[PDB]
Novice: 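I have a structure I would like to understand better, so I am pasting it below and will then ask my questions one at a time.
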Amino acid sequence: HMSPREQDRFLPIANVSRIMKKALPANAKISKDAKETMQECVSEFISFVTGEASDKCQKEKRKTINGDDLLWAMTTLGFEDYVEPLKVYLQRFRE
Amino acid sequence: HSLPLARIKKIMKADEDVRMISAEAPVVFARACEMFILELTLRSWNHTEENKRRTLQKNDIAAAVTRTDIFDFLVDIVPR
């Protein structure tokens with residue numbers, strides 16, 4: 001996937017790799033294909049969650065996906081552990 | 001934390017169903033994406049430790065996906 005068009009379906013491999021390294025011991029290394037597979041997982045994660053948020057606001061006849069829909073979607077799809085810290089974060093934007 | 005908010009919106013709006021996106025939604029998504037990378041990387045790493053190796057490889061992610069139910073949605077693209 002070397003075209004700019006293809007690359008635009010993913011987060012940049014450099015931004016992803018930096019994050020991956022944060023979770024690993026300093027001695028750990030990561031093959032190239034692991035960084036690309038992680039790239040596709042992240043875009044899949046973004047589409048998965050958006051798909052549920054989108055469905056909710058469509059049922060509520062709303063045209064804008066916002067932060068509340070996203071966290072509701074993450075609860076619905078099982079990402080409860082992310083939701084607690086994110087709720088406090090998103091509350092900082094509303095108050 | 002510095003995932004590009006513009007790239008995230010592009011990925012969200014690749015879905016034709018999506019119309020408008022709130023101002024804070026991509027920011028929040030950036031944070032969630034980070035936690036997702038951390039947890040998936042770390043889970044994969046433990047399969048690397050158990051195989052006694054030191055390189056995180058693609059198969060280590062394939063194994064991780066199969067062990068955790070929250071990652072079950074990924075088996076369509078990273079088959080074991």
Side-chain angles (χ1 to χ4, degrees), chain A residues 9-54 65 67-92, chain B residues 1-5 7-9 11-12 24-80:
Chain A
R9 303 185 285 114
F10 305 107
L11 301 185
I13 196 172
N15 303 70
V16 168
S17 90
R18 168 177 327 126
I19 295 160
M20 291 189 70
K21 284 180 220 252
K22 260 148 187 185
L24 301 191
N27 78 84
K29 62 166 127 183
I30 299 167
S31 69
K32 192 65 64 183
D33 308 41
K35 301 188 199 289
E36 282 177 311
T37 295
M38 182 62 61
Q39 267 194 302
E40 309 162 12
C41 295
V42 156
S43 288
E44 204 86 341
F45 171 73
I46 299 168
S47 300
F48 191 46
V49 179
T50 298
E52 185 65 56
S54 182
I65 294 164
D68 299 274
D69 311 334
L70 292 181
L71 307 161
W72 183 94
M74 271 177 283
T75 300
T76 299
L77 307 172
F79 307 97
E80 58 163 32
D81 296 315
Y82 309 166
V83 165
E84 43 189 81
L86 282 173
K87 201 182 164 189
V88 342
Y89 190 74
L90 168 76
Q91 185 54 27
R92 300 175 185 288
Chain B
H1 325 107
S2 57
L3 296 186
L5 305 179
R7 182 69 53 99
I8 281 168
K9 308 229 295 173
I11 297 171
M12 295 180 67
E24 83 295 326
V27 208
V28 147
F29 227 144
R31 298 295 159 106
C33 286
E34 179 158 7
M35 297 176 301
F36 171 88
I37 298 166
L38 294 172
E39 180 167 23
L40 177 56
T41 298
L42 186 50
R43 307 285 341 111
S44 319
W45 177 242
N46 287 315
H47 187 269
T48 310
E49 308 252 41
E50 291 177 0
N51 258 44
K52 296 280 294 163
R53 296 186 270 91
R54 196 140 74 258
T55 319
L56 202 156
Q57 300 164 204
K58 174 188 50 190
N59 61 97
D60 294 294
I61 304 164
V65 162
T66 54
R67 299 208 198 289
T68 321
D69 309 277
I70 65 169
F71 297 141
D72 159 88
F73 72 102
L74 290 168
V75 308
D76 304 271
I77 54 166
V78 49
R80 157 77 101 90

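Proteins get letters first, then strands, A, B, ... in listed order; numbering begins at 1 in each. In what follows, every heavy atom counts, from backbone to side chain, and hydrogens, waters and symmetry copies are set aside.
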Novice: Would a 4.5 Å heavy-atom cut-off, applied to side chains only, mark B:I11 and A:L11 as touching?
Specialist: yes
Novice: Which donor-acceptor pairs under 3.5 Å do side chains of residues 67-80 of chain B form with protein atoms, sequence neighbours excluded?
Specialist:
none

Novice: A:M74 and A:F45: which non-hydrogen atoms are nearest, and at how many Å?
Specialist: SD-CZ, 4.4 Å
Novice: Quick one: pull up CD in A:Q91 and CG in A:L71 and give me the separation to the nearest 0.5 Å.
Specialist: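 Reported to 0.5 Å precision, the distance equals 11.0 Å.
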Novice: Is a side-chain donor or acceptor of A:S17 paired with a backbone partner of A:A14 at a separation under 3.5 angstrom?
Specialist: yes
Novice: Heavy atoms, side chains only, cut-off 4.5 Å: are B:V27 and A:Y89 in contact?
Specialist: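 Sidechains of A:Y89 and B:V27: in contact.
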Novice: Could you give the distance from NZ (B:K58) to CG (A:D33), rounded to the nearest 0.5 Å?
Specialist: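 Answer for the NZ-CG pair, B:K58 versus A:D33, is 5.5 Å.
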Novice: Rounded to the nearest 0.5 Å, how far does OG1 of A:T50 lie from NZ of B:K9?
Specialist: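 One gets 12.0 Å once the value is rounded to the nearest 0.5 Å.
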Novice: So, the side chain of B:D60 versus the backbone of B:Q57: is there a donor-acceptor pair under 3.5 Å, distance only?
Specialist: yes
Novice: Using every non-hydrogen atom in the two residues, find where A:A34 and B:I61 come nearest and quote the distance to one decimal.
Specialist: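 That closest heavy-atom pairing would be O-CD1, 3.6 Å.
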Novice: Calculate, to the nearest 0.5 Å, the distance between atoms CD1 and CG belonging to A:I30 and A:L24 respectively.
Specialist: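 Reported value, rounded in 0.5 Å steps: 5.0 Å.
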Novice: Backbone N or O of A:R9 within a donor-acceptor pair of the A:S43 side chain at under 3.5 Å?
Specialist: yes
Novice: So, do B:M35 and A:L86 sit near enough that their side-chain heavy atoms are less than 4.5 Å apart?
Specialist: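 Contact flag for B:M35/A:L86 side chains = yes.
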Novice: How about B:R31 and A:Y82: do any of their side-chain heavy atoms sit closer than 4.5 Å?
Specialist: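 No, every pair of side-chain atoms sits at 4.5 Å or beyond.
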Novice: Would you say the side chain of A:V88 lies within less than 4.5 Å of the side chain of A:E84, judging by non-hydrogen atoms?
Specialist: no
Novice: Atom CG in B:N59, atom NE2 in B:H47: separation rounded to 0.5 Å?
Specialist: 6.5 Å
Novice: Looking at B:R54, I want to see if its CZ is surrounded by more than 12 non-hydrogen atoms of other residues, nucleotides or ligands under 6.0 Å.
Specialist: no
Novice: Locate the shortest heavy-atom distance separating B:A30 from B:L5; write the atom from each residue and the value.
Specialist: CB-CD2, 4.0 Å
Novice: Check whether any side-chain heavy atom of B:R43 lies under 4.5 Å from a side-chain heavy atom of B:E39, and answer yes or no.
Specialist: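 They are in side-chain contact.
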Novice: Would you call B:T48 and B:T55 a side-chain contact if the rule is heavy atoms closer than 4.5 Å?
Specialist: no
Novice: Can you measure from CG (A:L77) to CD (A:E52) and round to the nearest 0.5 angstrom?
Specialist: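 With rounding to 0.5 Å, CG (A:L77) is 5.0 Å from CD (A:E52).
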Novice: Does B:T66 use its side chain to pair, donor to acceptor, with the backbone of B:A63 at less than 3.5 Å?
Specialist: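 Looks like yes, one N/O pair under 3.5 Å.
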Novice: ring-ring contact (aromatic ring centres under 6.0 Å, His included), that's the test. Do A:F48 and B:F36 meet it? Break it down for me.
Specialist: CA-CA 13 Å; A:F48 191 46; B:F36 171 88; 9.9 Å; no
Novice: Search all heavy atoms of B:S44 against all heavy atoms of B:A64 and return the closest pair with its distance.
Specialist: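 For B:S44 versus B:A64, the nearest heavy atoms are OG-CB, 3.6 Å.
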Novice: Can you name the nearest heavy-atom pair linking A:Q39 to A:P12, along with the distance?
Specialist: NE2-C, 3.7 Å
Novice: For the NZ atom on A:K35, are there more than 12 heavy atoms of other groups (residues, nucleotides or ligands in this structure) within a distance under 6.0 Å?
Specialist: yes
Novice: Quick one: does B:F29's side chain get under 4.5 Å of B:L3's, heavy atoms only?
Specialist: no
Novice: Can any side-chain N or O of A:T75 pair as donor or acceptor with the backbone N or O of A:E80 at less than 3.5 Å?
Specialist: no
Novice: Atom CD of residue position B:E49 - does it have more than 12 heavy atoms of other residues, nucleotides or ligands inside 6.0 Å?
Specialist: yes
Novice: If I compare all heavy atoms of B:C33 with all of A:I46, which pair ends up nearest, and what's the gap?
Specialist: SG-CG1, 3.7 Å
